[PDB]
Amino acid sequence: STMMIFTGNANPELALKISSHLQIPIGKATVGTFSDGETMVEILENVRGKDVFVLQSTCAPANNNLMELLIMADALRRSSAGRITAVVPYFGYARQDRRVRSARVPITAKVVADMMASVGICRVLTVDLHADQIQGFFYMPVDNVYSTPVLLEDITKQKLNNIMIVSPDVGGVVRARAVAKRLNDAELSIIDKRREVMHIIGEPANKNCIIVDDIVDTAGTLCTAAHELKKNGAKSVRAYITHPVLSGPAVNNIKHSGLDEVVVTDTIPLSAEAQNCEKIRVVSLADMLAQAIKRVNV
């Protein structure tokens, strides 16, 4: 009623699905570039006093997708939108969230958080934030929704027994345990790479192994984890990973790996090449995100 939704160019397919679940159309807006490539925005709706949600992951191309979101917010703010919420299902730059050992590097996730505050965004809604502590980078509320229910429901459809959940690094154990907890408290193993050489903490022999992670980027560790699980007698290996970044050699890595299937969500659209990769399959968070948007709408 007060709710309006706009989208940039980052993931128009997900925006269309969210709109279908909300039963409200996508608001009209020019979001593109000038001839020279500068980001170009004009809002083509009256937004005064409206509860406005901008649907825009900051996936590749990250800086262009971020600038679209930021200057959409700037345009909406000076046009007197009542509230501006950034729905950023995949939050780019989240891995740059500290200076490891005080290295002379930026904290780009904090730069981005401050950018969003600077243009008058009032809330962030995001999925499986790489570090939930990124909530504290913001004064504004940050709703970090977990993809676990949708990934769990798809795992259930596979009708597997002897399930073992595998964390592919020591940083992903919390997310991996959250899946294992809901599968009759399934077994959990952790991949521990040293020096060069990977070690499995746990016993994968004759197990249907399911690697769980938040991001698949180059898929290098995902595929080396799958090879080592199979070399140690896994009955099968699949992966459930929220955000399909899939940069560089990722699709070829997956194609030539021992993974049965890699299931990802639609926080990031797949390239044409990834859409043609028979091992990759998408499950949707559009319903979950629509429900989250309805919960905050006022």
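All residue numbers refer to positions in the sequence shown, first residue = 1.
In terms of unmodelled positions of the deposited sequence, the chain runs continuously from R104 to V105 in this entry. Just going by the entry, 170-178 versus 142-150 on mean CA temperature factor gives the higher value to 170-178. In this crystal structure, the stretch out of 20-28 and 5-13 whose C-alpha atoms carry the higher mean B factor is 20-28.
The residue among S118, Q96, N206, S79 whose C-alpha atom has the highest B-factor in the PDB entry is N206. Remark: of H130, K110, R194, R123, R194 shows the highest value [criterion: C-alpha B-factor in the PDB entry]. Ranked by Cα temperature factor within the chain, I163 sits in the highest third according to the deposited record.
In the deposited entry, the Cα temperature factor of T85 places it in the lowest third of its chain's modelled residues. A60: CA B factor lies in the lowest third for its chain, per the PDB record. Per the deposited record, the Cα B-factor of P269 falls in the middle third when ranked against the other modelled residues of its chain. Among the modelled residues of the chain, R48 sits in the middle third by CA temperature factor in this PDB entry.
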